[PDB]
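The chain below stands alone, shown as structure tokens; this is the form deposited in one PDB entry.
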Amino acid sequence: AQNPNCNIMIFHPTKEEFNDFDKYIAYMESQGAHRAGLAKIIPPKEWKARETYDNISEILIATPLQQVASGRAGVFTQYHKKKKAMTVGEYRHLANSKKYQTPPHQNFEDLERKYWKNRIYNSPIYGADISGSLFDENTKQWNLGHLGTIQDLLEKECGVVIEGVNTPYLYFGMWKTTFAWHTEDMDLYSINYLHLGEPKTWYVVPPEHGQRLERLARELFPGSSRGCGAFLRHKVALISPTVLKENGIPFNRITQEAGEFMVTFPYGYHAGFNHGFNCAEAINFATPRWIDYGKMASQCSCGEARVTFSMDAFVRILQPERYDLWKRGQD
């Protein structure tokens, strides 16, 4: 068995190997990459996502989210308070202000220490979940707006034709902006490209151990757990690496830098934070190996998780027993 310790693997495809996205994903899995839940892909030196970022300040962040924490430094939830719209140029200036800017630090490890010590005492503003793309239309390799759709994968594997679309999302971050512990909708893959700016630190639990993280989360967030049998779908809970280590939960960590891709694999729980002003692009995708994960994915029916249009068909076809309850949650 490849990668039996579930380490995060880093790949360096050549320009030839970067042509065929599906083939490369299947290669990485042949080497055991999925066992970690997360992999890094460094593009060949010949590749670029677009020519420059000199012209992005006019993108609108219609609903910036202030991420307000409750709890203790290592175990907390965050809620998203909606803020007035602002442009990317306005948001970058805010990120760089004395109130929000990255503190002085020695290296990524020192910054990580400072994040876990101090996150809860601040409320950073995240421009998350913005439909759109920064890849040039002429970029033909690993262009996250030109991937094969999940609907087409389901159709190719299962023969069923369904409604829905699959488009990318932009994320504008600042110091301490946080993504809570989650797997993807329907335990899909994700791919995330860091277009510019400061790094993103990731934490990940191997898919084979995801239920260990779920059991700890039920213990740590007991009221939330009574409220919903899949409350990590709410994407509000944080648990630090120190707390994970104290409770014996297997995990790994890695820092993504500008110009790098990360792939999350089906049922790979992940969480993390931004180091400073940055911009990422991410999308969900599927492969044949996902189908079985999609069939078994948990679902929130309490009403909190509220998701896209396109998840309806996935539930309806892969999980027809759950469909009626899940749809009540959506309505």
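In this text, residue numbers run from 1 along the sequence as written. We call the rigid core the largest set of C-alpha positions that still match within 1.5 Å between the two forms. Shifts are known only where both forms have a C-alpha.
Although not depicted, the form deposited with a partner chain bound is the subject of the following passage.
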{"item": "Answer option from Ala128, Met186, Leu144, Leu213, heavy atom within 4.5 Å of the partner chain in the deposited bound form", "value": "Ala128"}
{"item": "Position in contact with the partner chain when the complex is considered in the deposited bound form, options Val243, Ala230, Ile162, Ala73, heavy atoms within 4.5 Å", "value": "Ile162"}
{"item": "Contact test in the deposited bound form: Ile120 vs the partner chain, heavy atoms, 4.5 Å", "value": "no"}
{"item": "4.5 Å heavy atom contact, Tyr169 to the partner chain in the deposited bound form", "value": "yes"}
{"item": "Residue contact check: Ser224 to the partner chain in the deposited bound form, 4.5 Å heavy atom", "value": "no"}
{"item": "Contact label in the deposited bound form: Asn278 to the partner chain, heavy atom within 4.5 Å", "value": "no"}
{"item": "Which of 232-240, 193-201, 112-120, 89-97 lines the interface with the partner chain in the deposited bound form (heavy atom within 4.5 Å)", "value": "232-240"}
{"item": "Single mover in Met86, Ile239, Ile249, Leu153, with Cα shift of 2 Å or more between this form and the one not shown when the core is superposed", "value": "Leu153"}
{"item": "Residue shift check between this form and the one not shown, rigid core fit, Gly74 Cα at least 2 Å", "value": "no"}
{"item": "Core-aligned CA displacement of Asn19 at least 2 Å between this form and the one not shown", "value": "no"}
{"item": "Rigid-core frame, C-alpha of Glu137, shift of 2 angstroms or more between this form and the one not shown", "value": "no"}
{"item": "Residue pair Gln151, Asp20 - Cα distance in the deposited bound form, closer or farther (3 Å or more)", "value": "closer"}
{"item": "Outcome for the Cα pair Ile162, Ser190 in the deposited bound form, compared with this form (closer or farther; change of 3 Å or more)", "value": "closer"}
{"item": "Large-shift segments between this form and the one not shown, meaning 3+ residue runs whose Cα move 2 Å or more when the rigid core is superposed", "value": "149-165, 225-227, 306-331"}
